[PDB]
Every structure is written in structure tokens, then in C-alpha cells.
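Trainee: Submitted below is the structure of interest, expressed as C-alpha cells.
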Amino acid sequence: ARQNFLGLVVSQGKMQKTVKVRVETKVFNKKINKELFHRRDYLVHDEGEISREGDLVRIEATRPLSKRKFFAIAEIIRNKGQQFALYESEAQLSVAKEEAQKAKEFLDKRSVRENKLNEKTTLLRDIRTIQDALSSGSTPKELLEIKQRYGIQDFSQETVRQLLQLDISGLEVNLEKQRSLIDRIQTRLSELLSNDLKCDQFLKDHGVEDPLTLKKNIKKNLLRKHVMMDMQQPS
Amino acid sequence: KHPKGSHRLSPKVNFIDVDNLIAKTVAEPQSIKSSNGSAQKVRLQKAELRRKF
RNA sequence: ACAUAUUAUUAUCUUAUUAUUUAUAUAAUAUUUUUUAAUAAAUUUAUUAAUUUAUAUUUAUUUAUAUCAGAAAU
RNA sequence: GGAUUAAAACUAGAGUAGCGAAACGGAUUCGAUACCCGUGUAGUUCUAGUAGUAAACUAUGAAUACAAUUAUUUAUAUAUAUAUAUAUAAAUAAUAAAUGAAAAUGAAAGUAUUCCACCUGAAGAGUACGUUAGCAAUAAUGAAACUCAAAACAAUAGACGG
RNA sequence: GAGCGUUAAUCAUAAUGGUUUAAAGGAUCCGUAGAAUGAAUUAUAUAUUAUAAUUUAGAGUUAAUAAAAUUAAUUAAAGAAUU
RNA sequence: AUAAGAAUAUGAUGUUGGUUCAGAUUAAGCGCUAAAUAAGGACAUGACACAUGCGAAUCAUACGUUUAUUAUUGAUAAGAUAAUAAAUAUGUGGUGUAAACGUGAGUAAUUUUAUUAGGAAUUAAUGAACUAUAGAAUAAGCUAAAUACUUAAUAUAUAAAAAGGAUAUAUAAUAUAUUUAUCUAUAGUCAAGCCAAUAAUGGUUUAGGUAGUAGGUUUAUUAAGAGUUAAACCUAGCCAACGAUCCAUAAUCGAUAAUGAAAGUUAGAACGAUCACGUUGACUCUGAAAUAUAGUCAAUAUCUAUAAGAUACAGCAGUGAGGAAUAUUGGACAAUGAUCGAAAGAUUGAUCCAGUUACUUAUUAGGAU
Ligand SMILES: [K+]
Ligand SMILES: [K+]
Ligand SMILES: [K+]
Ligand SMILES: [K+]
Ligand SMILES: [K+]
Ligand SMILES: [K+]
Ligand SMILES: [K+]
Ligand SMILES: [K+]
Ligand SMILES: [K+]
Ligand SMILES: [K+]
Ligand SMILES: [K+]
Ligand SMILES: [Mg+2]
Ligand SMILES: [Mg+2]
Ligand SMILES: [Mg+2]
Ligand SMILES: [Mg+2]
Ligand SMILES: [Mg+2]
Ligand SMILES: [Mg+2]
Ligand SMILES: [Mg+2]
Ligand SMILES: [Mg+2]
Ligand SMILES: [Mg+2]
Ligand SMILES: [Mg+2]
Ligand SMILES: [Mg+2]
Ligand SMILES: [Mg+2]
Ligand SMILES: [Mg+2]
Ligand SMILES: [Mg+2]
Ligand SMILES: [Mg+2]
Ligand SMILES: [Mg+2]
Ligand SMILES: [Mg+2]
Ligand SMILES: [Mg+2]
Ligand SMILES: [Mg+2]
Ligand SMILES: [Mg+2]
Ligand SMILES: [Mg+2]
Ligand SMILES: [Mg+2]
Ligand SMILES: [Mg+2]
Ligand SMILES: [Mg+2]
Ligand SMILES: [Mg+2]
Ligand SMILES: [Mg+2]
Ligand SMILES: [Mg+2]
Ligand SMILES: [Mg+2]
Ligand SMILES: [Mg+2]
Ligand SMILES: [Mg+2]
Ligand SMILES: [Mg+2]
Ligand SMILES: [Mg+2]
Ligand SMILES: [Mg+2]
Ligand SMILES: [Mg+2]
Ligand SMILES: [Mg+2]
Ligand SMILES: [Mg+2]
Ligand SMILES: [Mg+2]
Ligand SMILES: [Mg+2]
Ligand SMILES: [Mg+2]
Ligand SMILES: [Mg+2]
Ligand SMILES: [Mg+2]
Ligand SMILES: [Mg+2]
Ligand SMILES: [Mg+2]
Ligand SMILES: [Mg+2]
Ligand SMILES: [Mg+2]
Ligand SMILES: [Mg+2]
Ligand SMILES: [Mg+2]
Ligand SMILES: [Mg+2]
């Protein structure tokens, strides 16, 4: 049959309807006693100009088409070259949008900081008026303004404590919950495995059919999937 | 797309029908001609042997 | 340096021959075509030599391109 | 392919104490174009460049896996009855095995694997010619003919040593 | 041995090699090609290769903690001595 | 599967390292020497120049031409006609020389070689010349005449042909029969054109090369693809340090020869395969196929007949030259082939034999006492 080769497109878009395909064949080199790969670039006809640099293609022998062209593209095995072209066009549009959004979030942050620098009022001073007015009874209009600078309509000892809250405090509690879950899951499964009877019951209670007839790994995974479904789904 | 001016498929294999090959190559004399001549008789014998072979 | 021989090349010069392509002929031949003599046969027809007519096939000269080769330069 | 690259040298502009090719003198000597001494120019210095050469050496390309010990530092860690002790790496020194012409190498110059550079008797020769690069000195690349049966390394025993 | 010798030639006769010190490590490093070489598991295939999925032992990124004050470039200073 | 080393350093030792030797061989030369026989080879050099003779002829059953005899005719013999037997290949014709033979100049590959269970454009109304089968073979002209040539007729969009001769018999030139030729068609056989992949010496102190150059489109040309050639219009490509381009050198190869344990290396004489050439260059004709050992023109050399002439020994033998070096100006067509012819036969320096030469191989070249 017609001789067919597999190769990688190494040049495209330079000649009209012609691409260069790199074909590697296996040969034996008697001198060094080693089977080597021999490489050659083929000028190949691309009737539909579909192939792109980087694509993996199969080329088939054809009639003489030019001085140096004797093969044509017969199939695109892998279209990595075509993918590169599509992803490059999308990237330009995708990045422009993101950069526009980020540019608008930077100018807004600058405006907020500039606005705050125009308000001579400082947190410490403001928190020293909400703690003196709340301990003296005075209600100068500054407080009403302060009830707008911060949004704190009510001036109590439990409102300054919520104005000065630090994110670190929230992190400290989320970390304890994370540690609890892991510790509970491990203790639960550890105990369950120690008692085969309580293990068999555990599985049946959670909806396993004849858990007794199961393997150690085929069943310990069920226990793990259940212990993690009784401490993460209920919470 | 295959190259313009080229056949997409390979030419069909030509299978020989031996009955047709024999009929066209070594066909039998259509009539039993009168080979009274000495040379005609020799030619008839040679043609028969060649056809048999 | 150089004097030699050989080869190759060319935006050059000359060029056999050939191919292709131009223009021309009161060009030749055949047929057609228009007439015209001479001759012959018969009692219009044929032949030959001319003229007109187109057609095909050649010939001469001519235009252009390429070309063995030689010259010059490298 | 690229970059960097001692000293000397070179192209400009500064600087120039000391040192110091050369040069001119003083000695020494049979002679002294030297060793020693004097005066001491370039250079040695800085700024901006050119050039890409050294015994540019560990005369030992880089990477990975692996193999028996000791000593000595360093680092990290651990412990305590708190200052040592116990661990794991690195470095260095001396070694086993192995390797090697041996000298020796010693975690490689061992056991293996991967990649690169390079060599094929001496002399001629890193020369000639050509080419490339440089302001230049030069640098890179790099032969052949003729001649010879030499030439070279480690080690051994001598002889000799101002 | 009806040949023998000699000259001219061919093949064989050590790379089942080497490069500290004998011919031979590039001044050094960076890095391109390499038709150079190169992890693990599983499943396919047309099979030491390809593809897909998965993995972290090579190679990297960012932190945290501890440690160190060297090597480049630039700027600003000091010191003994010399003439 | 078959793998050996030796001499030479050094005062001596180990090692590095070259050189030489031991083996086989030749397309061999030379020196000395030499018996017979059988077989295998023989200008590697100047693709230098060539005296002389040969190497391609054959057909009379294509057409003409020339005799002799007999018979008939011709009232005197010049001629004619037919039969028979001969002659003619200095007239017109047919077939044959694209092979074989010789040589290795050119050729490093758009061309050449080798290989592949390769390919299409998806190769002509090509048969070159035999086989099988079927059908046809007509009319004029031109030449002295024809199987010469020319123009027509009819034969698979349809196109595209031809030829008679010999011998008998019967007829009144014609018809049959036999024999040998001619043309067409279909298939077979033999045999052709084109392309791809892979490999094929040295130098980079030849590093850049290319400009129809790389690709696209269209027409011309061809049986047929393609910048293969010619014409037009576009794109800016293509090759290259895994060596492009350039230069030098060389015919290539094997189930051939030599050598080695082998991988390999060498040769390319001999046997066989392939290519190229026939003093040099180009072009054209015929043809399926030729830049043909043809033709044309030119170049070089020679020759005689002095013509827009002939010849060119790389056919055989042979001569001169060159060189260290390579042979008979032999016999035969008996054999195997080839060409012509219907046959009888003719031709054949293909070929087969012999000669020359230890160039190679083999056998023999007296045994017992
Ligand atoms: K084309
Ligand atoms: K100074
Ligand atoms: K290296
Ligand atoms: K060594
Ligand atoms: K030796
Ligand atoms: K005949
Ligand atoms: K000859
Ligand atoms: K040749
Ligand atoms: K007949
Ligand atoms: K080359
Ligand atoms: K014969
Ligand atoms: Mg010319
Ligand atoms: Mg220093
Ligand atoms: Mg200066
Ligand atoms: Mg002096
Ligand atoms: Mg003096
Ligand atoms: Mg001095
Ligand atoms: Mg520099
Ligand atoms: Mg130097
Ligand atoms: Mg050096
Ligand atoms: Mg140093
Ligand atoms: Mg590294
Ligand atoms: Mg030099
Ligand atoms: Mg020594
Ligand atoms: Mg003998
Ligand atoms: Mg060997
Ligand atoms: Mg090494
Ligand atoms: Mg080094
Ligand atoms: Mg060195
Ligand atoms: Mg890591
Ligand atoms: Mg010998
Ligand atoms: Mg001899
Ligand atoms: Mg003989
Ligand atoms: Mg010869
Ligand atoms: Mg006759
Ligand atoms: Mg004749
Ligand atoms: Mg021939
Ligand atoms: Mg012919
Ligand atoms: Mg012969
Ligand atoms: Mg007829
Ligand atoms: Mg006639
Ligand atoms: Mg004819
Ligand atoms: Mg040179
Ligand atoms: Mg071309
Ligand atoms: Mg075309
Ligand atoms: Mg053109
Ligand atoms: Mg030659
Ligand atoms: Mg060979
Ligand atoms: Mg050869
Ligand atoms: Mg011969
Ligand atoms: Mg020829
Ligand atoms: Mg010729
Ligand atoms: Mg000729
Ligand atoms: Mg000749
Ligand atoms: Mg001869
Ligand atoms: Mg002579
Ligand atoms: Mg001889
Ligand atoms: Mg003689
Ligand atoms: Mg003869």
C-alpha cells in the first residue's frame, strides 16, 4: 500500500498549502551496534491548510505535486498545534478583562485611603469619646457623626469591642474546630476498629448490608467514609 | 482533503478470471475448418497442442 | 610577478545548423476559380500555354527568440 | 553559541610617592650586552575601552547510585542526675578493600551508569599557508613533505653535588 | 620446488583502548540542538516504546524558625610608613 | 562456533609507544632457471595515432532486365506470344545492423547504482513479433514495372488499414484449390515510460548557498505526474556544522575474487548484472523506444576522386607510440547462436577451436635391491 509515516509538524504558514513534517524512523547502526532513530524533514501538501506547528499527523505518499513534494497530510492524530493557537487568542481577551477589573479595584482602594486621610478623626480618639460619653452621659453631635463614621448607632461597652475586632481572633476558633474534627474522626475510627462487634454493628446501623462479610480494606474504607459522614455531614 | 488532481483511494486490484483468460487467449476454432492441405494440418496440430499446454 | 595549457561562466560580440515565430512574392505545384489564345477531335468537347480566383503543400527572402562553436572579459 | 577571565600589552584622559623593562653610568670579571650599585623612562594607579592569553594546575570535565574503618573539627537535633552524653550530615587526616606501569589514589585515580572535550611514535610544529577577529602586539583555526627507530613515564642500585 | 628469489601492492597480525605523573580534561561556568540520556504505580496498545490516569524518592516554588556577615558592584572613611 | 605472537628501550626492571618480522594473496613486473600434459587468463599505461586484410549481408517465389530451345504467328525473318531451361542483386524493391562486440572517457547522482513482497498520474486507438482466435484484403495515379510511393473506398467519439507471388485445375483474362505473404481486431507472451523511501569517496584551510531558486494558480507540451521545458500571475520561501554550496577523485555491483576467527577491509582483471561511450559538440529525422557508431552543421586529424567528398580499428588480427609489463596480420562455420530466404541454401573475426606467453591451477616427471 501507499507508504505512510507519522511525524510532527515543524513548520507551517511559510508556504502556501505546504508544511514541513519531521519523520523519525528506526534503523540499526552496525558500527556502534545500536538501533538508532533517523530523522528527516518532509515537505508535505496541506490541501485544507488545517495543520499547525506542533500537531502530530500521518502523511501518505501521493503523486509528484512539485519538485520536492511527494506526500500529503492524511490525518491529524493529535492537534496540540491547533490548540496552542486557540488558547493564545483567548488569553489576550481573558487577561485584558482581569487586568481591567484589577485596575479598577486598585483605584478604588486608593480613593478610600485618600478619603480616610481627609478625616482627621482617629480610631483611638473616636474610641475615647464613645467610652467617655458612655461614662459621662454627654451626647455631643460628634457621636452622631461617629455613629455614621463607623455605623455604630448604639454607644455601649459592647460596641467598641465589636469595632476593634481582629481577624486573628476568628482564625483562632476556626483552627480549633478543624483540629477537633480530625481528632474526633481518628478516635472514632480507632475505637471502632478495636471492637469488631461494635464495628459490625456500626456498619449495619449506618445502612451497610451484611458488613460482616467484608475485607479489612474493603470495610475499613466504609468505616472511614462513615465516621467522616457522621462528623462532617451532621456538622 | 486529498491533494487536488489525485485519487483519494488506491486503484482497485485486478482479479483474473481463469475461465475468461482461457476464453480470450486460447479460444477454440469456431468452425471445424477443412484442413486438407499439408501445411494446414501441421498448423492445426500445433495450434491444438499449444492450446492444450 | 608571471608566461603557459585546460575548463567553466556571461546584462557582451560574432555565429553554422535547427526549432519556433513574423512579413512578402505578380514564387512553384495540385485542385478550384475568371476569362483568353493556340491546337485537336467531333460536327460544343478535350488538351496545352497564359490570366483571374480562393484553398492546401512547398520554395525564396525576411522579423524575433533559443542554439554547436569562436572572440572578449572574469 | 554566550558570558566572565591573572600578569604583561595596547587606545584615550588624568595621576605619578615608591617600585621599576629600557637607556645612560659605577663596579665585578680573562671579558660581563649579566648577577650587585646609582640616575631612573615606559609600566605599575584611577576612569572609559580593546584584547581573551598563563605551570588559567588538584598538571585529575560534569552528574548520579554504591562500598570497610579510625581520628579530628563544624553544623543541626536530642536528652538530662547540667554540663557533658547520644544521634545524623559536612569537611579534613590516616587507612581496609579495590585499582594501578608503579609512584600512589581512597570516597576516587574504587565498583557502575550518563553526557561532553581530547589523544593515536619522535622531530618537523602549535610551525607554514589560507581564513576569521583585533588599533596593534597578536588570538583562534591548523597542515604536509623530508629524516629517523626511535621517543617517553614510574621505579631500582649506583656515581656525583660549590 | 618447475619453479625460487626480489620489487610493487592487498588482507591479517591489540583498542575484549586511553587522557594526575608517559600523546591526550576545554580557563571557567551558563545554556541551545542532540536523529543524547533520565523516577514510581496501574491500564491499554500495534510493546523497553506510545498513550492515559495516578504517585512523590529526583528537580524546583513560597513561607516559618534558626544561623551566618562572606562574595560582587558602588559610595563614604581610617591607618602605619615613604618621598 | 575455529581469535597464539616475535625482534628492537634500558646499566638492569616495569610500563608507554612506534617500527620491522613470522601467514596468505595478485590483473602482477623483474633476476636466475625451466620437462610434458589438461584447464583457466592475457594493454591496468596514451577514450594516443593507425599501413593492410577482414568483422553485414540476404532474397531471382516483389518488379524489371538478358539468353537458349521448342511450338504458334510473322510469305523471309526483324519481332511478338506461350512453354521449358538458365542468367542478372552496377535498375526499382523487401528484411537485417536501438542488437551484439569493444571500451571505461564522462559520471558523486533533477540524471547513476543497489534495495523494497513500495507507488500513481490511478501510463497511448504504441507491437516491436511470435502464439490463439475472428474478419478483411477495394479504386485510381505515379515509375519502365511492382509486395515502391501517393491520393481515395470500406473496417472495434468514432478514428485508424492492406499485396501480392508461386504451383496446379477449370474456364476466357477469370475462377477455385494448395502454398507463402499483406492488413485489422481481442487476449497472451516478450518488452517499455514516470515517481517515492534507504544507501553509495575526500576536503569547511570550500561557510554560507539558491533567484526557476522554494511553494501556489493557469495554459502549452507528453501516453503520463512535476518549475521537466516554454509563457503568464502570485506567495517568500528552500538547503546548510548530523556538512550546504564548491572543488578534487572514481564507471557501479554480486550467490565474483583476495584476506581474516569474525565484524569487516581490498579489488572491480576473469564469470555475471547495470550504466555510459564508439574522434569532439550540438541539433534533427524515423520509430514504441535514439540527441543513434544514422543524418545535418561545426571542430580535430588523415586521405583522393577535389567533391556543399571519404575516413576516424574503444569489432578481429596487426603496426607505431607510451610503459616495468600483457599474445596470431591463425583455422572453421563441424557445434551453439544470430541475420536473410517459401525452400534449397547464403552470411557470420558472434562463436567454436588452435597459436603465442610458467600469468594462474592441477597431474605426471621410476620403483625395489
Ligand atoms: K504544483
Ligand atoms: K610612576
Ligand atoms: K565538559
Ligand atoms: K594514568
Ligand atoms: K613492541
Ligand atoms: K519471397
Ligand atoms: K578492443
Ligand atoms: K569510466
Ligand atoms: K494466396
Ligand atoms: K562538503
Ligand atoms: K554456424
Ligand atoms: Mg556554448
Ligand atoms: Mg594575584
Ligand atoms: Mg596611557
Ligand atoms: Mg649597563
Ligand atoms: Mg664595563
Ligand atoms: Mg638597576
Ligand atoms: Mg572584555
Ligand atoms: Mg601565545
Ligand atoms: Mg592554553
Ligand atoms: Mg591560579
Ligand atoms: Mg548543576
Ligand atoms: Mg598562532
Ligand atoms: Mg622518572
Ligand atoms: Mg605447478
Ligand atoms: Mg581488530
Ligand atoms: Mg576521564
Ligand atoms: Mg580544568
Ligand atoms: Mg591543558
Ligand atoms: Mg525536595
Ligand atoms: Mg610479511
Ligand atoms: Mg612472482
Ligand atoms: Mg590456453
Ligand atoms: Mg585500457
Ligand atoms: Mg524474376
Ligand atoms: Mg539492387
Ligand atoms: Mg548499442
Ligand atoms: Mg533501424
Ligand atoms: Mg569476447
Ligand atoms: Mg488490391
Ligand atoms: Mg497498380
Ligand atoms: Mg507499401
Ligand atoms: Mg593552508
Ligand atoms: Mg530546477
Ligand atoms: Mg505544471
Ligand atoms: Mg516562468
Ligand atoms: Mg575516469
Ligand atoms: Mg566494495
Ligand atoms: Mg571501489
Ligand atoms: Mg576485459
Ligand atoms: Mg552515443
Ligand atoms: Mg558523441
Ligand atoms: Mg553520428
Ligand atoms: Mg579510435
Ligand atoms: Mg584491436
Ligand atoms: Mg617502450
Ligand atoms: Mg603478463
Ligand atoms: Mg609478436
Ligand atoms: Mg574468418
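Residue numbering restarts at 1 for every chain of the C-alpha cells, chains are lettered A, B, ... in their displayed order, and ligands are numbered from 1 as they appear.
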Show which residues sit within 8 Å of segment 36-42 of chain B, as a list in words. Count only C-alpha atoms (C1' of nucleotides), and ignore same-chain residues fewer than 4 positions away.
Mentor: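 Counting only the stated atoms, we get residues 46 of chain B; 178 and 179 of chain F.
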Trainee: Got a sec: who's within 9 Å of residue 102 of chain D, counting only C-alpha atoms (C1' of nucleotides), leaving out chain neighbours fewer than 6 positions off, as a PyMOL selection string?
Mentor: (chain D and resi 154-155) or (chain F and resi 14-15)
Trainee: Just the selected residues (N, CA, C and O atoms (P, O5', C5', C4', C3', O3' and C1' of nucleotides)), exported as a PDB file, in the first residue's frame, please.
Mentor:
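File written: again_37.pdb
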ATOM      1  P     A D 154      58.156  10.173  35.959  1.00  0.00           P
ATOM      2  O5'   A D 154      57.933   8.830  36.780  1.00  0.00           O
ATOM      3  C5'   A D 154      56.746   8.623  37.529  1.00  0.00           C
ATOM      4  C4'   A D 154      56.601   7.181  37.939  1.00  0.00           C
ATOM      5  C3'   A D 154      57.675   6.643  38.870  1.00  0.00           C
ATOM      6  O3'   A D 154      57.442   6.969  40.230  1.00  0.00           O
ATOM      7  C1'   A D 154      57.348   5.125  37.091  1.00  0.00           C
ATOM      8  P     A D 155      58.669   7.318  41.205  1.00  0.00           P
ATOM      9  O5'   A D 155      59.438   5.934  41.384  1.00  0.00           O
ATOM     10  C5'   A D 155      58.859   4.866  42.119  1.00  0.00           C
ATOM     11  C4'   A D 155      59.470   3.536  41.747  1.00  0.00           C
ATOM     12  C3'   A D 155      60.926   3.335  42.142  1.00  0.00           C
ATOM     13  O3'   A D 155      61.078   2.921  43.488  1.00  0.00           O
ATOM     14  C1'   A D 155      60.640   2.729  39.879  1.00  0.00           C
TER      15        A D 155
ATOM     16  P     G F  14      60.817  -6.665  32.961  1.00  0.00           P
ATOM     17  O5'   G F  14      59.643  -5.657  33.330  1.00  0.00           O
ATOM     18  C5'   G F  14      58.783  -5.918  34.426  1.00  0.00           C
ATOM     19  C4'   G F  14      57.905  -4.736  34.746  1.00  0.00           C
ATOM     20  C3'   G F  14      57.112  -4.148  33.592  1.00  0.00           C
ATOM     21  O3'   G F  14      55.966  -4.902  33.246  1.00  0.00           O
ATOM     22  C1'   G F  14      58.098  -2.402  34.824  1.00  0.00           C
ATOM     23  P     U F  15      55.506  -4.984  31.711  1.00  0.00           P
ATOM     24  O5'   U F  15      55.018  -3.507  31.372  1.00  0.00           O
ATOM     25  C5'   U F  15      53.873  -2.961  32.006  1.00  0.00           C
ATOM     26  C4'   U F  15      53.789  -1.462  31.851  1.00  0.00           C
ATOM     27  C3'   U F  15      53.593  -0.924  30.445  1.00  0.00           C
ATOM     28  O3'   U F  15      52.262  -1.045  29.975  1.00  0.00           O
ATOM     29  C1'   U F  15      55.246   0.346  31.538  1.00  0.00           C
TER      30        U F  15
END
Trainee: Find the residues around residue 2 of chain B up to 9 Å (only C-alpha atoms (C1' of nucleotides) counted), leave out those fewer than 4 positions away in its own chain, and share them as number ranges by chain.
Mentor: A: 45-48, 72-74; B: 6-8
Trainee: Dump the neighbourhood of ligand 40 as a PyMOL selection string: all residues within 12 Å, distances computed on only C-alpha atoms (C1' of nucleotides) and all ligand atoms.
Mentor: chain F and resi 136-140+147+153+162-164+182-183
Trainee: Would you list the contacts of segment 51-56 of chain C as a list in words, taking every protein, DNA or RNA residue within 10 Å and counting only C-alpha atoms (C1' of nucleotides), but skipping same-chain residues closer than 2 positions in sequence?
Mentor: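 The residues that qualify are residues 30, 31, 32, 33, 34, 35 and 36 of chain C.
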Trainee: Within 12 Å of ligand 22, which residues of chain E come that close, and what is the closest atom pair and distance in Å for each? Count only C-alpha atoms (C1' of nucleotides) and all ligand atoms and give it as a tab-separated table.
Mentor:
residue	atom	partner	partner_atom_place_in_ligand_line	distance
E:29	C1'	ligand 22	1 (Mg)	9.9
E:30	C1'	ligand 22	1 (Mg)	10.1
E:31	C1'	ligand 22	1 (Mg)	11.6
E:59	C1'	ligand 22	1 (Mg)	10.7
Trainee: Let me have all residues with an atom within 9 Å of ligand 11, counting only C-alpha atoms (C1' of nucleotides) and all ligand atoms, laid out as a PDB file with N, CA, C and O atoms (P, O5', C5', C4', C3', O3' and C1' of nucleotides), in the first residue's frame.
Mentor:
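As a result, result_27.pdb now contains:
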ATOM      1  P     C F 333      34.686 -23.645 -43.783  1.00  0.00           P
ATOM      2  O5'   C F 333      33.708 -22.581 -43.112  1.00  0.00           O
ATOM      3  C5'   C F 333      32.308 -22.823 -43.009  1.00  0.00           C
ATOM      4  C4'   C F 333      31.947 -23.482 -41.702  1.00  0.00           C
ATOM      5  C3'   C F 333      30.451 -23.692 -41.480  1.00  0.00           C
ATOM      6  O3'   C F 333      30.236 -24.891 -40.738  1.00  0.00           O
ATOM      7  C1'   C F 333      31.311 -22.321 -39.766  1.00  0.00           C
ATOM      8  P     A F 334      29.864 -26.258 -41.492  1.00  0.00           P
ATOM      9  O5'   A F 334      30.388 -27.390 -40.503  1.00  0.00           O
ATOM     10  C5'   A F 334      29.912 -28.724 -40.594  1.00  0.00           C
ATOM     11  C4'   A F 334      30.163 -29.484 -39.316  1.00  0.00           C
ATOM     12  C3'   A F 334      29.422 -28.970 -38.092  1.00  0.00           C
ATOM     13  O3'   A F 334      28.090 -29.445 -38.013  1.00  0.00           O
ATOM     14  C1'   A F 334      31.700 -29.279 -37.551  1.00  0.00           C
ATOM     15  P     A F 335      26.914 -28.483 -37.497  1.00  0.00           P
ATOM     16  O5'   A F 335      27.210 -28.315 -35.943  1.00  0.00           O
ATOM     17  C5'   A F 335      27.242 -29.443 -35.082  1.00  0.00           C
ATOM     18  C4'   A F 335      27.588 -29.046 -33.668  1.00  0.00           C
ATOM     19  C3'   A F 335      26.713 -27.963 -33.057  1.00  0.00           C
ATOM     20  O3'   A F 335      25.506 -28.486 -32.527  1.00  0.00           O
ATOM     21  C1'   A F 335      28.994 -27.456 -32.671  1.00  0.00           C
ATOM     22  P     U F 336      24.112 -27.726 -32.755  1.00  0.00           P
ATOM     23  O5'   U F 336      24.194 -26.477 -31.776  1.00  0.00           O
ATOM     24  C5'   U F 336      24.355 -26.659 -30.378  1.00  0.00           C
ATOM     25  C4'   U F 336      24.537 -25.342 -29.672  1.00  0.00           C
ATOM     26  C3'   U F 336      23.588 -24.237 -30.099  1.00  0.00           C
ATOM     27  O3'   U F 336      22.317 -24.342 -29.485  1.00  0.00           O
ATOM     28  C1'   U F 336      25.795 -23.398 -30.036  1.00  0.00           C
ATOM     29  P     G F 337      21.027 -23.716 -30.202  1.00  0.00           P
ATOM     30  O5'   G F 337      21.157 -22.161 -29.908  1.00  0.00           O
ATOM     31  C5'   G F 337      20.789 -21.201 -30.881  1.00  0.00           C
ATOM     32  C4'   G F 337      21.564 -19.922 -30.710  1.00  0.00           C
ATOM     33  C3'   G F 337      21.178 -18.799 -31.653  1.00  0.00           C
ATOM     34  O3'   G F 337      20.014 -18.116 -31.233  1.00  0.00           O
ATOM     35  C1'   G F 337      23.529 -18.995 -31.591  1.00  0.00           C
ATOM     36  P     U F 348      31.277 -15.024 -44.223  1.00  0.00           P
ATOM     37  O5'   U F 348      30.940 -14.752 -42.692  1.00  0.00           O
ATOM     38  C5'   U F 348      30.688 -13.436 -42.226  1.00  0.00           C
ATOM     39  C4'   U F 348      30.145 -13.434 -40.820  1.00  0.00           C
ATOM     40  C3'   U F 348      30.953 -14.198 -39.785  1.00  0.00           C
ATOM     41  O3'   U F 348      32.076 -13.476 -39.315  1.00  0.00           O
ATOM     42  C1'   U F 348      28.669 -14.740 -39.552  1.00  0.00           C
ATOM     43  P     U F 351      32.342 -14.066 -28.731  1.00  0.00           P
ATOM     44  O5'   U F 351      32.077 -15.610 -29.003  1.00  0.00           O
ATOM     45  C5'   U F 351      30.836 -16.205 -28.663  1.00  0.00           C
ATOM     46  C4'   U F 351      30.596 -17.478 -29.434  1.00  0.00           C
ATOM     47  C3'   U F 351      31.661 -18.553 -29.298  1.00  0.00           C
ATOM     48  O3'   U F 351      31.517 -19.309 -28.108  1.00  0.00           O
ATOM     49  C1'   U F 351      31.091 -18.290 -31.576  1.00  0.00           C
ATOM     50  P     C F 352      32.806 -19.845 -27.317  1.00  0.00           P
ATOM     51  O5'   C F 352      33.252 -21.132 -28.135  1.00  0.00           O
ATOM     52  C5'   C F 352      32.324 -22.163 -28.429  1.00  0.00           C
ATOM     53  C4'   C F 352      32.809 -23.024 -29.565  1.00  0.00           C
ATOM     54  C3'   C F 352      34.215 -23.575 -29.412  1.00  0.00           C
ATOM     55  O3'   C F 352      34.241 -24.735 -28.599  1.00  0.00           O
ATOM     56  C1'   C F 352      33.938 -22.673 -31.588  1.00  0.00           C
TER      57        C F 352
END
Trainee: Got a sec to check which residues lie within 12 Å of ligand 35, using only C-alpha atoms (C1' of nucleotides) and all ligand atoms, and send them as a ChimeraX atom specification?
Mentor: /F:59-66,87-89,145-146,165-166
Trainee: Restrict the distance test to only C-alpha atoms (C1' of nucleotides), flag each residue of chain F within 12 Å of chain B, and return the flagged residues as number ranges by chain.
Mentor: F: 119-122, 131-134, 177-180, 186-189, 225, 342
Trainee: Please return as a PyMOL selection string the residues found within 9 Å of ligand 5, counting only C-alpha atoms (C1' of nucleotides) and all ligand atoms.
Mentor: chain F and resi 7-8+17-19
Trainee: Dump C-alpha atoms (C1' of nucleotides) for the selected residues as a PDB file, in the first residue's frame?
Mentor:
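Ended up saving to again-v3.pdb:
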ATOM      1  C1'   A F   7      62.648  -8.762  17.462  1.00  0.00           C
ATOM      2  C1'   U F   8      64.050  -3.680  18.801  1.00  0.00           C
ATOM      3  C1'   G F  17      54.995   3.859  22.143  1.00  0.00           C
ATOM      4  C1'   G F  18      56.191   3.340  17.167  1.00  0.00           C
ATOM      5  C1'   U F  19      58.983   0.446  13.595  1.00  0.00           C
TER       6        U F  19
END
Trainee: Report as a PyMOL selection string all protein, DNA and RNA residues lying within 10 Å of residue 139 of chain D, evaluated on only C-alpha atoms (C1' of nucleotides), omitting residues in the same chain fewer than 6 positions from it.
Mentor: chain D and resi 51-53+133
Trainee: Do me a favour and pick out the residues of chain A within 8 Å of chain E, using only C-alpha atoms (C1' of nucleotides), as number ranges by chain.
Mentor: A: 24, 36-39
Trainee: I need the helix (DSSP H, G or I) residues of segment 40-178 of chain A per DSSP on the backbone, written as a PyMOL selection string.
Mentor: chain A and resi 80-118+123-129+133-136+141-149+157-163+167-178
